[PDB]
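Participant: Here's a structure for you.
Protein chains in written order, with our numbering: chain A, 14 to 180; chain B, 339 to 537; chain C, 339 to 537; chain D, 339 to 537; chain E, 1005 to 1205.
Right, dumping it as structure tokens:
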């Protein structure tokens, strides 16, 4: 079940504003919008979703998680995003170019309002980011700020093993 | 498009008595925080159904909903229409009372939407049959709800079958000159009502 | 829609080794004046192709391009995407040098677009396979380019097969309050590459 | 002639990417005492396989070996080529460290060959797939090794699948005037490599 | 028709004008980019392929046995009128008297690549856009006598292009150019002459 994923879990979030990733209109090209680990169970972003609670039980997990985004701007806005991904060998990339060579999905705004991404074969890290890759374009008399809320789910081959009490 | 709550198409197996009712439209501002209604209470003292639920003390029906907000192309924001069975207001602090739990047609408002006023976090609220009203794709949402209860009958006044929640997740931003509020109207139609016993 | 450069569908007749590359988006202001890239140079030191063009000294490939700029309905202007074979920067005044003729992924800019920096007037530039990006009809353009060379092979580093030019013919005008710059992103995919010889 | 390690012919059941590599020949003197290599570590930072094992973090392959020493008819001695799975250096005295356990292409040497530096006596070392290089019969030896691991995959850098040992059992004696050292060259070819995942 | 590409090049115009004093000889590199009437008609295209034939017309200010050597691309050019390059049999030469009607000879297509390239964007490894595969040779006109020629003769070289085939086009040059083999233009003239206003045709 695709549930809402907390990403903006900073100190000063304090409310419903931690369920959403900000998108400015003054960010220069290729600056990281958000980044978080793909870790169903470690203390962080996945701790709010439904996967992250039923995997505090069942000590050993393995499967194929997917991550879905959607956009919450006006109809007139238009931009692009580069949803990237890296295998758990290395850390996150630095530039837009060294992140482009991975498993990118060039997601834009004028055509699609939502996009998914299939992450293959985790076990008991792996880092997802998203980059701007273009300016955020508005017409006049339009508020130039929007938010991107994220999702989270597990596909068919997501299996579990030995039971364990929670917290 | 339409979302069947758990896939039922509610039939019935006490006589068997369909006007599209229309609740009064709430205004949605910048600093608004949500609403809830708790069916089948809001249809009481309203219409021919109200004269069939106040006098009869056994009840079974299913509903068809249509939540629809009209916004121009210069606004933004996204709502959340969910249908929670046996939705219980907890009470902060100390029980909540009566005029908080049964709001009538004027649907009551939230205090803390992040925990749904019951200690249940909103991050996992999509287990219930949900439908995103995203203001750059559509302007309507439709949920069909069957009769979900352990006992096959209940009273209409006391026991509430389920609730309907509307939560502004992303807040509404608008450039200056546009209208400040956006209405939200709701349509309720009983599908297969079946009353029993007259008092 | 798509424009085959002279109608080839580039096949090949030395091993035979397709990721959609994405160059970094240029900002287009009011007083901007154009760009150029000179393929197949910009794919060097980039990706697995860069590790296949820097070590091998024979080469043949064809390309598929996708120039796409995203603008709202409150801007105006029209670009010009042309694909010039053996495109030579002349040099004003006095040869132009090296960092002017091989710009890398950061595509260099024009000085005098009316003569294309080679004494060739822009009025007749539509002999080349062109595609108008008019900002009130579409937002994309797609050119497929075969391998156009007299000798059937060349080196990847030295000889440039062709060039890609983007010229703002009508300047961009916008009412106050809108965003000042408009991005232009480009997608490059090799079609039938065929390298030869390792060093 | 050739010795299949436990009779497998290693097939495979993540893409599927064979040059005969040649390690650098060690000199064998009178008072030498043995060598070991610990595959698949020595193929790292070497060749196209090194660019496929350093960037990928899942791995499965099998090997074909060819240990060959060239001696004239006026020398004598007998070596021992064995292939030990999960070969662990113990450490005397006090752990051995890192540059002792992962020697790279320069294969490290023994201290005490009688106990194989692990408390395991050499008298029983022929359980492993062995092949005698006796210098009055032949001059070559060939072992084919499948992929022997409990988990079907591992990393290439950290976990070593097996090791290769070369031990002079009978020491080399030679009359005066002959050359003092005898070379030993080794050939390594991957059979069915199958990598997975890029970093 | 007469708008086909073979008829568009089939006139035999002047290329180079060579005069010799008696030094004693006179050489001339082969290049069609000598006059502006032929350069503007040959930067039209990018790849060309053609055989050429020549004609040598001689105007004194009687007949002598003056010869016209030919150097294929790679052979060394003569340095003196009595050097040893004049007798190498691998250089095809043409002996023609003065009073005879003028000489005429054909040259085949010698470039290593399939067609000539008038635009190269690269390097051979100031060396920008100098493709060495356009060399066609010299002629090295020499009057033949044992000593003391004393003519003060002037030759003219004509050129006809035959069997020509052209590939991908380019737009024409619109500005005068300074250097001989480079498009440098010294930034500006327009293309169309002005009128008074946008109205009033």
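Yeah, the Cβ is synthetic: ideal placement off N, Cα and C, and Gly gets one too.
In the structure shown, what three-state DSSP assignment does residue 1160 of chain E receive?
Facilitator: Strand, per DSSP.
Participant: Which two residues bound the contiguous beta strand (DSSP E) that contains residue 1054 of chain E?
Facilitator: That run of the beta strand (DSSP E) goes 1051 to 1064.
Participant: Quick one, which of B:442, B:422, B:456, B:451 has its alpha-carbon nearest residue 281 of chain B's?
Facilitator: The structure shown does not extend to residue 281 of chain B, since chain B is modelled only from 339 to 537, so the question has no answer here.
Participant: Given 7 Å as the limit, tell me if residue 463 of chain D has its C-beta closer than that to any heavy atom belonging to the ligand HEM.
Facilitator: Looking for the ligand HEM in the displayed structure turns up nothing, as the structure carries no ligands at all.
Participant: Could you give the C-beta distance for residue 502 of chain B and residue 443 of chain B, rounded to a whole number, given that I count them as a contact under 8 Å?
Facilitator: So it is not a contact: roughly 13 Å between Cβ atoms.
Participant: So, is the C-beta of residue 416 of chain B closer than 8 Å to a C-beta in chain A?
Facilitator: Cβ-Cβ to chain A under 8 Å: yes for residue 416 of chain B.
Participant: Can you tell me where the alpha helix (DSSP H) holding residue 113 of chain A begins and where it ends?
Facilitator: Per DSSP, residue 113 of chain A belongs to the alpha helix (DSSP H) from 109 to 113.
Participant: When you compare the CB of residue 462 of chain B with every CB in chain A, is at least one pair closer than 8 Å?
Facilitator: True, the Cβ-Cβ gap to chain A drops below 8 Å.
Participant: On the DSSP bridge assignment, give the partners of residue 414 of chain B in chain order.
Facilitator: DSSP, once it has assigned bridges, lists B:511 as partnering residue 414 of chain B.
Participant: Note down the Cα distance separating residue 497 of chain C from residue 341 of chain C, rounded to an integer number of angstroms.
Facilitator: About 25 Å.
Participant: What residues from chain A crowd round residue 531 of chain C, counting only those whose CB sits closer than 9 Å?
Facilitator: Chain A residues near residue 531 of chain C: none, gap ~17 Å exceeds 9 Å.
Participant: Roughly how many angstroms separate the alpha carbons of residue 359 of chain D and residue 419 of chain D, rounded to a whole number?
Facilitator: Approximately 18 Å between the Cα atoms of the pair.
Participant: DSSP three-state call for residue 375 of chain B: helix, strand or coil?
Facilitator: In the structure shown, residue 375 of chain B sits in coil (DSSP, three-state: anything other than H, G, I, E or B).
Participant: Given 8 Å as the limit, is there contact between the region 447 to 456 of chain C and the region 360 to 380 of chain C, that is, 3 or more CB pairs closer than that?
Facilitator: They touch, by the three-pair rule.
Participant: How about residue 371 of chain C: is its C-beta nearer than 8 Å to some C-beta of chain A?
Facilitator: No, because no Cβ of chain A sits closer than 8 Å to the Cβ of residue 371 of chain C.
Participant: Does residue 139 of chain A get closer than 8 Å to chain D when you measure Cβ to Cβ?
Facilitator: It does not: the Cβ of residue 139 of chain A has no partner Cβ on chain D nearer than 8 Å.
Participant: According to the neighbour-count rule (16 or more other Cβ atoms, all chains shown, within 10 Å of its Cβ), is residue 365 of chain D buried or exposed?
Facilitator: By the neighbour-count rule (16 or more Cβ atoms within 10 Å), residue 365 of chain D is not buried but exposed.
Participant: Under three-state DSSP, which class holds residue 485 of chain D?
Facilitator: It is coil, neither helix nor strand.
Participant: Could you give the DSSP three-state label for residue 471 of chain D: helix, strand or coil?
Facilitator: Coil.
Participant: Just checking: is the beta-carbon of residue 446 of chain C within a distance shorter than 8 Å of some beta-carbon in chain A?
Facilitator: Taking Cβ atoms only, chain A never reaches closer than 8 Å to residue 446 of chain C, which makes this a no.
Participant: Does residue 499 of chain C pass the burial test, meaning 16 or more other C-beta atoms within 10 Å, or should it be called exposed?
Facilitator: Buried: at least 16 other Cβ atoms inside 10 Å.
Participant: Would you list the residues sitting across from residue 342 of chain D in a DSSP beta bridge?
Facilitator: Answer is D:482, bridged to residue 342 of chain D.
Participant: Residue 148 of chain A touches chain C at which residues, Cβ-Cβ below 7 Å?
Facilitator: Here the neighbours are 365, 517, 519, 521.
Participant: Restricting to Cα atoms, I'd like to know which of E:1100, E:1057, E:1175 is closest to residue 1017 of chain E.
Facilitator: Nearest of E:1100, E:1057, E:1175 to residue 1017 of chain E, Cα basis: E:1057.
Participant: Please name the residue, chosen from E:1045, E:1046, E:1052, E:1031, that lies closest to residue 1075 of chain E on a Cα-to-Cα basis.
Facilitator: Of E:1045, E:1046, E:1052, E:1031, the residue nearest in Cα terms is E:1031.
Participant: May I ask you to verify whether the region 473 to 488 of chain D touches the region 399 to 417 of chain D, counting CB pairs closer than 8 Å and requiring at least 3?
Facilitator: Touching, yes, given that three or more Cβ pairs across the two stretches are closer than 8 Å.
Participant: Compute the distance between the beta-carbons of residue 1073 of chain E and residue 1143 of chain E, then report whether it is under 8 Å.
Facilitator: Cβ atoms of residue 1073 of chain E and residue 1143 of chain E: closer than 8 Å.
Participant: Residues of chain E with CB under 7 Å from residue 456 of chain C, in chain order?
Facilitator: By Cβ distance, chain E contributes 1187.
Participant: Can you round the beta-carbon distance between residue 161 of chain A and residue 84 of chain A to whole angstroms, since I take them to be within the 8 Å contact cut?
Facilitator: 6 Å between Cβ atoms; contact.
Participant: Assign residue 569 of chain B to buried or exposed, taking buried as 16 or more other Cβ atoms, counted over all protein chains shown, within 10 Å of its Cβ.
Facilitator: The shown model of chain B, from 339 to 537, leaves out residue 569 of chain B, and the question about it has no answer.
Participant: Does chain A have any CB closer than 8 Å to the CB of residue 360 of chain C?
Facilitator: Judged by the 8 Å Cβ criterion, residue 360 of chain C is in contact with chain A.
Participant: Just verifying my parser: in three-state terms, what is the DSSP assignment at residue 461 of chain D?
Facilitator: Note: residue 461 of chain D maps to helix in three-state DSSP.
Participant: When the Cβ atoms of the region 374 to 388 of chain B are set against those of the region 510 to 520 of chain B, are three or more pairs found closer than 8 Å?
Facilitator: No, because fewer than three Cβ pairs between the region 374 to 388 of chain B and the region 510 to 520 of chain B fall closer than 8 Å, the two stretches do not touch.
Participant: CA-CA distance, residue 535 of chain D and residue 485 of chain C?
Facilitator: If I take the Cα positions, the gap works out to 33 Å.
Participant: What distance in whole Å lies between the Cβ atoms of residue 423 of chain B and residue 531 of chain B, which are believed to be in contact at a cut-off of 8 Å?
Facilitator: Residue 531 of chain B to residue 423 of chain B, Cβ: 18 Å. No contact.
Participant: Alpha carbon to alpha carbon, how far is residue 504 of chain B from residue 393 of chain D?
Facilitator: Straight-line Cα distance between these residues: approximately 49 Å.
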